[PDB]
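**Q** Numbering (PDB author numbering), first residue to last: 6 to 235. We treat Cβ as the ideally placed atom computed from N, Cα and C, and that holds for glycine.
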Ligand SMILES: *C/C=C(C)/C=C/C=C(C)/C=C/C1=C(C)CCCC1(C)C
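Structure, rendered in structure tokens:
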């Protein structure tokens, strides 16, 4: 087994348990609004499970030549992110009843953020690799700027419980997402300070926090039910 195989195994298992758990809890939820939250936050770990499973199953990796060495890049994980980051932002958008314009902008930027990062990951030219990372971080910064701007995220309209859940969920999102570029930077595709193994491990831990942790936080909320948010 390759050093990083165990963290791909861990992620697969962890996501599968989360998917099954959320799905089970949601099966008894008949509220129209809450069912939507269960739907999105069940789908997110399901996708992660499927994509990590592909890696585990010997698909979803591409080799990229870096500094004379071949790096096994998990392209399947980028395809996961490309799908789940917009869904997670859709959850935040729904919590604060954001406009269509704002929701679509967030979703767009998330997709672009991951597309750029994946382009970076597959670049053999170090200068182009950095550039793609930089452009991706700019999309991430734009997302965070939108989330943080209190004029754009009108909260005055929310019930206390709902506002609190939003604040917690937004804080978690910003804390976690901000860490992804730093792991990338320190890993084999960036500075090469941290081995691939450690990099994979740290990403799996973020992913679990970002999907399972975030899912548990929102789904355990009293504020996702009809007439409970506004
Ligand atoms: C469920 C998975 C989640 C929430 C993944 C989030 C991933 C990111 C925020 C990734 C960001 C990146 C950059 C801003 C720089 C380029 C490399 C990326 C794609 C790791």
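Whole alpha helix (DSSP H) runs in the stretch 67-149 with 4 or more residues, listed along the chain?
**A** Taking only runs of at least 4 residues, the alpha helix (DSSP H) segments lying wholly in the stretch 67-149 are 80-100 and 105-126.
**Q** With residue 177 as the anchor, note down where its alpha helix (DSSP H) starts and where it stops.
**A** The residue labelled residue 177 in the question sits at position 172 within the chain shown. Residues 165-182.
**Q** To the nearest whole angstrom, what separates the beta carbons of residue 39 and residue 230, a pair I think is in contact under 8 Å?
**A** Locating residue 39 in the chain shown gives position 34, counting from the first residue. Locating residue 230 in the chain shown gives position 225, counting from the first residue. Correct: roughly 5 Å between the Cβ atoms.
**Q** For residue 57, verify whether its CB is less than 7 Å away from any heavy atom of ligand 1.
**A** Translated into the one-based positions of the chain shown, residue 57 becomes position 52. No, ligand 1 has no heavy atom inside 7 Å of this Cβ.
**Q** Taking residue 20 and residue 54 to be in contact with their CB atoms under 8 Å, please state how far apart those CB atoms are, rounded to whole angstroms.
**A** Here the question's residue 20 lines up with position 15 in the chain shown. Here the question's residue 54 lines up with position 49 in the chain shown. About 4 Å separates the two Cβ atoms, so the contact holds.
**Q** Taking 7 Å as the cut-off, is the beta-carbon of residue 151 closer than that to any non-hydrogen atom of ligand 1?
**A** The residue you call residue 151 lines up with position 146 of the chain shown. Residue 151: no, Cβ never under 7 Å from ligand 1.
**Q** Who are the near neighbours of residue 81 in its chain, counting only those whose CB is closer than 6 Å to its CB and skipping five residues on each side?
**A** One-based indexing of the chain shown puts residue 81 at position 76. The answer, listed in chain order, is 56, 59, 60 and 65.
**Q** Can you find at least 3 beta carbon pairs, one from the stretch 119-127 and one from the stretch 136-143, that sit closer than 8 Å?
**A** The stretch 119-127 vs the stretch 136-143: in contact.
**Q** Candidates 225, 16 and 62: which alpha carbon is nearest residue 31's?
**A** Translated into positions along the chain shown, residue 31 becomes position 26. Minimum Cα distance to residue 31 is reached at 225.
**Q** In terms of residues, what are the limits of the alpha helix (DSSP H) holding residue 20?
**A** Position 15 of the chain shown holds residue 20. Note, residue 20: alpha helix (DSSP H), 10-31.
**Q** If you follow the alpha helix (DSSP H) that residue 232 is in, where does it begin and where does it stop?
**A** Stepping through the chain shown from its first residue, residue 232 is reached at position 227. Element bounds for residue 232: n/a, residue is neither H nor E.
**Q** Go ahead and label residue 153 buried or exposed: buried means 16 or more other beta carbons lie within 10 angstroms of its beta carbon, across all protein chains shown.
**A** Counting from one through the chain shown, the residue named residue 153 turns up at place 148. Exposed, since its Cβ has fewer than 16 Cβ neighbours within 10 Å.
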